[PDB]
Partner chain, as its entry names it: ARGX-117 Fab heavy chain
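Before any questions on binding or motion, here is one chain by itself as structure tokens, the form deposited without its partner chain.
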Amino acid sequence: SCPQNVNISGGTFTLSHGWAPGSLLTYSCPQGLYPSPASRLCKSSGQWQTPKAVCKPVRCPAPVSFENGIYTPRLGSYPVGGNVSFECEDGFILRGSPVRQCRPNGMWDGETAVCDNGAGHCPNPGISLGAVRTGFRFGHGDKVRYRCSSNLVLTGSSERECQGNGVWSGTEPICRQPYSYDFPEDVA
């Protein structure tokens, strides 16, 4: 039987099959916090295995770069509820959201801010917050590549091609906190 010394600071947990081997423990934290660790599995040995628990603040990813413009405030990551504001230098027009708020799930609201000089066959595809991009030409057939920085998790296209219609192929890559992958759907 697995031991009961498994309380989480600031949060709660559920057991799938009580304290028995095979039982999955799932931690939950209040909105805007995440459990570290997120779960434990009760082993046949009678000891827990993660695939002292604490609830830690969610943060949204900071820009790694923001070209031909400035953002404020300038931080290495952002608190839940915090806003970041974007402004472009002369000769560039801001596309996307000039003000964005960090949501409790670690994602920014609105859409990626981009300072675009309007010179490409395709628009400047921008650089989503936490991503690093390769490529500087936005003509028909040109390609950009992306990765997510640090331990951030990528969704969407890591390579995009500027198509004949002036649309980048695929979908904009987005970088998420790795602990967001412990969040369920449909939570109160």
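Here the rigid core means the biggest group of C-alpha atoms that line up within 1.5 Å when the two forms are laid on top of each other. Only residues modelled in both forms are compared. Positions refer to the first chain, counted from 1.
In the deposited entry, the stretch joining residue 51 to residue 52 is interrupted by 4 to 9 residues of the deposited sequence lacking coordinates.
As listed in the deposited structure, the average C-alpha B-factor of 125-133 and of 39-47 is greater for 39-47. Of the two segments, 161-169 and 174-182, the one listed with the higher mean B-factor is 161-169 (C-alpha atoms only).
Taking the PDB entry at face value, the top CA B factor among 118, 81, 110, 106 belongs to 118. Residue 20 sits in the highest third of its chain by CA B factor, as recorded in the PDB entry. Among the modelled residues of the chain, residue 156 sits in the middle third by CA temperature factor in this PDB entry. Ranked by C-alpha B-factor against the other modelled residues of its chain, residue 96 falls in the middle third. Residue-level temperature factors show residue 59 in the lowest third of its chain, judged at the C-alpha atom. Among the modelled residues of its chain, residue 149 has a C-alpha B-factor that falls in the lowest third according to the deposited record.
Keep in mind the form solved in complex with its partner chain is missing from the figure; the text below concerns it.
Interface membership of residue 154, defined by any non-hydrogen atom within 4.5 Å of its partner chain in the deposited complex, is ruled out. Its partner chain in the deposited complex comes within 4.5 Å of a heavy atom belonging to residue 79.
In the deposited complex, its partner chain stays beyond 4.5 Å of every heavy atom belonging to residue 134.
Contact check for residue 143: every heavy atom lies farther than 4.5 Å from its partner chain in the deposited complex.
Exactly one listed residue, out of 91, 118, 110, 73, brings a non-hydrogen atom to within 4.5 Å of its partner chain in the deposited complex: 73. Here the chain stands by itself, but in the deposited complex one stretch of 118-126, 61-69, 158-166, 135-143, 61-69, has heavy atoms within 4.5 Å of its partner chain.
Shown here without its partner chain, the chain has only 130 in 126-144 lying with a heavy atom within 4.5 Å of that partner in the deposited complex. After superposition on the rigid core, the sole stretch of at least three consecutive residues with Cα shifts of 2 Å or more between this form and the one not shown is 35-39.
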